[PDB]
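Chains as they are written, first to last, in the deposited numbering: chain A, 863 to 940; chain B, 507 to 518, 528 to 543; chain C, 1020 to 1097; chain D, 54 to 106.
Below: the structure, in structure tokens.
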């Protein structure tokens, strides 16, 4: 499993601002939103096999290949 | 470049549906 | 896991238990003829259309050939 | 009056039959073209998977 570091080296990510909408475009209602947020909050403070399963399943061969090529470029640059 | 385009190229009446959508969106 | 689910339609039977005084080959033949209705390519070949047959052949070829069976990626990265 | 009623009924019947047949033919065309479009979609998917592999 991976875990975040203590005293993090990078804080320059500047991620996109969260969009908002009515509850029926998310899980479906306020209670359902809260329930699912609580359910998935358990996956937030580590990276492990389940995350990799999801990543593979969503990226397919195309995304896996491109990501590996870009990681090779990153390591070459470093 | 894609994120820059998406940010700058944002979105841009006498339709009832539009009026109701604006009303409910403000209501949220 | 993806391959474990294509077996019935591709005729990959498991090894069967032959009890006292039974022949493994004839037993496997009986099992194969039990499941012969599940085998997709011959069924489409018999009842299908030339375009259907070409598409089925291509799809079966794609399905049965996966990296898990006789390929590796880490060594090339290294 | 009898002649008029018979003639009008005959004409309406023929029009109804013609419209029915026309609709059925169009439905058959669309079924066939749906089959062909599905085949094209399958082929395109096969090609994309081959490129990915």
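Ideal Cβ placement from N, Cα and C applies to all residues, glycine included.
{"Check": "Could you name the residues of the same chain whose beta carbon sits closer than 7 Å to that of residue 1064(C), not counting the 5 residues immediately before and after it, in chain order?", "Outcome": "1072"}
{"Check": "Name the residue from 1046(C), 1088(C), 1077(C) whose alpha carbon lies nearest to the alpha carbon of residue 1023(C).", "Outcome": "1088(C)"}
{"Check": "Would you call residue 1074(C) buried or exposed, if buried means 16 or more other Cβ atoms sit within 10 Å of its Cβ?", "Outcome": "buried"}
{"Check": "Report all residues from its chain with a CB closer than 7 Å to the CB of residue 1057(C); omit the five preceding and five following residues, and keep chain order.", "Outcome": "1027, 1028"}
{"Check": "Along the alpha helix (DSSP H) that carries residue 935(A), what are the first and last residues, could you check?", "Outcome": "911–939"}
{"Check": "Look at the alpha carbon of residue 1052(C) and the alpha carbon of residue 1082(C), and state the distance between them as a whole number of angstroms.", "Outcome": "23 Å"}
{"Check": "With DSSP as the reference, label residue 871(A) as helix, strand or coil.", "Outcome": "coil"}
{"Check": "Please list, in chain order, all residues of the same chain as residue 910(A) whose beta carbon is under 8 Å from its beta carbon, the five residues on each side excluded.", "Outcome": "863, 864"}
{"Check": "Based on Cα-Cα distance, which residue from 926(A), 885(A), 883(A) lies nearest to residue 1093(C)?", "Outcome": "926(A)"}
{"Check": "So residue 1032(C) and residue 1050(C) are supposed to be a Cβ contact under 8 Å. How far apart are they, rounded?", "Outcome": "6 Å"}
{"Check": "Rounded to the nearest angstrom, what separates residue 99(D) and residue 73(D) at their Cα positions?", "Outcome": "40 Å"}
{"Check": "By Cβ distance, which residues of its chain are closer than 8 Å to residue 872(A), with the 5 residues on each side in sequence left out?", "Outcome": "none"}
{"Check": "Give a yes or no on whether the minimum CB-CB distance between residue 886(A) and chain B is below 8 Å.", "Outcome": "no"}
{"Check": "Tell me, which residues are paired with residue 864(A) by DSSP?", "Outcome": "909(A)"}
{"Check": "Answer yes or no: do residue 1021(C) and residue 1085(C) have a C-beta to C-beta separation smaller than 8 Å?", "Outcome": "yes"}
{"Check": "Helix, strand or coil for residue 529(B)? Go by DSSP, reduced to three states.", "Outcome": "coil"}
{"Check": "Checking contacts by CB at 8 Å: is residue 1029(C) closer than that to chain D?", "Outcome": "no"}
{"Check": "Just checking: is the beta-carbon of residue 87(D) within a distance shorter than 8 Å of some beta-carbon in chain C?", "Outcome": "no"}
{"Check": "Between the C-alpha atoms of residue 513(B) and residue 881(A), what's the straight-line distance to the nearest angstrom?", "Outcome": "13 Å"}
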